[PDB]
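Written below as C-alpha cells is the structure these notes are about.
Using ideal geometry, Cβ is built from the backbone for each residue, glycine included, and neighbour counts are taken over all protein chains shown. No value in this document is a laboratory result; all are computed from the given coordinates.
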Amino acid sequence: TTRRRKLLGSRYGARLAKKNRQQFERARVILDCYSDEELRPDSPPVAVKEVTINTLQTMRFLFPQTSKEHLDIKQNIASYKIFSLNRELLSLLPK
Amino acid sequence: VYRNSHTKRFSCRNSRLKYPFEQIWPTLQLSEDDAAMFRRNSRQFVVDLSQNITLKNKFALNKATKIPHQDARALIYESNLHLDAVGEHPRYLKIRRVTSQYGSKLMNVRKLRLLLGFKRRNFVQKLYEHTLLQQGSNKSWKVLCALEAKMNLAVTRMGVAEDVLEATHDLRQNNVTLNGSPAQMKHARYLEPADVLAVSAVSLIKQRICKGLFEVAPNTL
Amino acid sequence: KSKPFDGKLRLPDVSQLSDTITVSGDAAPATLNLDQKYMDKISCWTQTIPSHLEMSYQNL
Amino acid sequence: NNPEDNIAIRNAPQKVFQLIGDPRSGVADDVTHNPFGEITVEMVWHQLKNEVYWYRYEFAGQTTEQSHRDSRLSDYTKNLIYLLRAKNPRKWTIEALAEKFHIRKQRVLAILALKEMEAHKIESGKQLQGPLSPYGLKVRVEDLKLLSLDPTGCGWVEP
Amino acid sequence: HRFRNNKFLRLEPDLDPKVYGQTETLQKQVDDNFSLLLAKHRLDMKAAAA
Ligand SMILES: [K+]
C-alpha cells in the first residue's frame, strides 16, 4: 500500500536537452566533448560567454582576516554583483 | 535467526580480547555498564611503571605510525616483556600456539560479512573467486577494491546513511539512482570508475541529515 | 576622489601560495582534523571521505 | 619549487641505482631490500564514548605524504577551475589545469561536471533563493583577470 | 559609550534559528537594514515638509 509513483529514470543530459537546449550545448564545450574523434559531435562548437557560480562560502566562510588581501577579494565580488544588477535595472527603467 | 548475535550490541565476537566482544558500529549508543565492559580492552595496568596505558600509547612505545598491514596483528593481540609487560616474570607470559589460527581465520571472514551488511558466506566466497580472475598483482588489495566497488558501501561513503544496514534498505526502496535510473542487479554488481550516483528521495535524505546534526548545529546564524 | 570601478572581476591565483598555509591563511593541518563532536553521528563518514570519490552536498 | 613549501616535489618518483662490489673488478645490483614501498595500515581515531577504533589502509603509504589534501580542496579553488576553463578552453586544457592545481585529470573533469550541474540549478531558480539570492553571481568570461603573487610578501598584482 | 554591550544599538534580539528557522532569521536581518534606511528618509521628509 504505497502512494509513491513509479520512477522510470533517464540520463541527466537527456532531460536537459528537452528542457533547455542552450545549456546543453554550453555543457558539451566545457566538458571537453570535442577533443575525442569518436565522441566529437557533428555540430560546430559554440562559444561560452556567461557562467554562474556560488560565492556563499568565499564571502562568509573562507576569508576572515582583516588584511588588505581578503578585503579586496570581497569588495571586488560585491562591486561586480552591483554592476550586474544595474545592467538588468537599466533594461527596465525606460518608459 | 532472531539471535542476539544479529544485533549491533553483540554482532562481533573476538576470543583473543579480555572482553570477548568488539564494537564496530560508530553510531551505537551504549549504556554506562556496556561502556565499562568495552573499556577493558583499551586500558591495561603495568606493574613496574604502576600506571595505566592505552592501546594508542602502546603503538607509540613501539614507534608504529605506518606499518605493513600484516604487522598490526602482532601489536594488537601480543605483549612484550621490554615495553608493555616489564616486571612480569617470563613464566607468566602468554605465548600462542599454532592451533589458534582457525578461530582467527573464521573471525575475519565474519568481519567481511558484517561490513557488507550481514551477507551470507556464499556471497563472500564468490566475491573472493571474482577477484582471482581480475587483473592485478597484489591479492590483498584486489579484495579491498572489490569491497569498495559494492554499491551499498559506496552509498555509505557519500554520507547519506548512518551505516551500511541503513544504506541497504535505501536501495530496496530505490532512494538512489545509477546513471539516471534505478540500478539493475544492484545487490550483485560492481561500480566502475565513471559511475554517477544521485539521490532521488531528496526530501527524505535532507530530513535525515538535518535531524542528525540538529543538536550540534550552532544557535547563532 | 578615487579611481572608479573598472567593471572587471579580479581574483588572486591562490595556486601560488605555500603548502604550509590554507586558503584562509591559517596553518595547514598535516593530518585529518577529526572531532568528537561529529565522529559519533552521521557525519563520521563525511569527515573520512576517501580520495577516489567526489561528493557534492548541493546536489547530493 | 622548493621541498619546504612544495609537497608535490617531496612526493616525486625516485631514481634508484644501488650496487654492491667493486666498480673496477665486478659489481652487482643490490637486491637485499625493497625500496619501493608496500601496503601500510595506521590507526587514525579513537572514540572514547563508544570505544570505536578507525584504521586507514594506504597502497603507497611509505612513499607519499599528506594525501588527504587532494579530495579537500576549497570551494574557491573549484570555482577558479570552472572559470578558467570557460574563459579559454584552448589554453586551459585538462592537462594544464591538472598540473596547475596539483591534482589528477580525472578529478579535474569530475569537478567541472558537478559545477556545471549546480550552475543550471541556480539559473533555473532552484538554489540561492530568498535571503541568499545575492550570492548567485553571473560572470562574463571577458571581464575576468587573474592576479599573480609576483611581489615577495603580501600583495597581488594584475600581471 | 554607555551602550558597551549593545554595540549595534538594536531594539530587538535576533531570532533564534532553533525556534524560528534559519530562513526566517536571514529574512528578518534583511528587513532590519531596509527599515533603518527607510526611517532615515522618513525623518528628512517630515522635517523638510514640516
Ligand atoms: K552466514
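Numbers below:
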quantity: Complete set of residues in region B:23-53 that are among the β-branched types (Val, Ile, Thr) and either surrounded by 14 or more Cβ atoms within 10 Å (Cβ to Cβ) or in contact with a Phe, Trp or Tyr (Cβ under 8 Å, 6 or more places away or on another chain) (or both); calculated: B:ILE24, B:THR27, B:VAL46, B:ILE53
quantity: Filter result for E:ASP14 (assigned to a helix (DSSP H, G or I), touching a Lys or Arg at 6+ places or on another chain (Cβ under 9 Å) and not basic (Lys, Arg)); calculated: no
quantity: Residue match in region C:2-21 (condition: within 16 Å of the chain's Cα centre (by Cα), aliphatic (A, V, I, L, M) and over 17 Å from D:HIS102 (Cα atoms)); calculated: no
quantity: Some residue of region A:61-81 being of a type in the set (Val, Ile, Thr), more than 24 Å from C:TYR57 (Cβ to Cβ) and over 18 Å from the mean Cα position of the chain (by Cα); calculated: yes
quantity: From the options D:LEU97, D:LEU132, D:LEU146, residue that is away from chain E (no Cβ under 14 Å) and assigned to a helix (DSSP H, G or I); calculated: D:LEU97
quantity: Helices (runs of 4 or more DSSP H) fully within region B:7-99 counting 2 or more residues that are farther than 16 Å from D:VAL44 by Cα and acidic (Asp, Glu); calculated: B:32-39
quantity: Whichever residue in region B:103-153 is under 18 Å from B:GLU166 (Cα atoms) and outside any helix (DSSP H, G or I) and, among such residues, is farthest from the ligand (Cβ to nearest atom); calculated: B:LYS150
quantity: Where a residue in region B:115-137 is within 14 Å of chain D (Cβ to nearest Cβ) and free of Cβ contacts under 8 Å to residues at least 12 places away in the same chain and its partner, wherever it lies, is part of a helix (DSSP H, G or I) and more than 14 Å from the ligand (Cβ to nearest atom), with Cβ under 9 Å and at least six apart; calculated: B:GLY136/B:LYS142; B:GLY136/B:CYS145
quantity: Residues (in contact with a strand residue (DSSP E or B) (Cβ under 8 Å, 6 or more places away or on another chain) and of a type in the set (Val, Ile, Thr)) located in region D:1-31; calculated: D:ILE20, D:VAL27
quantity: Residue in region C:6-27 that is surrounded by the most Cβ atoms within 10 Å (Cβ to Cβ), counting only those that are of a type in the set (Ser, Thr, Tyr) and within 7 Å of chain D (Cβ to nearest Cβ); calculated: C:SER15
quantity: Among the candidates D:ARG56, D:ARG69, D:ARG24, D:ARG10, residue that is within 16 Å of the chain's Cα centre (by Cα) and more than 30 Å from A:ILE30 (Cα to Cα); calculated: D:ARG10
quantity: From B:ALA85, B:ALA60, residue being within 14 Å of another protein chain (Cβ to nearest Cβ) and either of a type in the set (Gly, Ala, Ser) or within 16 Å of the ligand (Cβ to nearest atom) (or both); calculated: B:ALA60
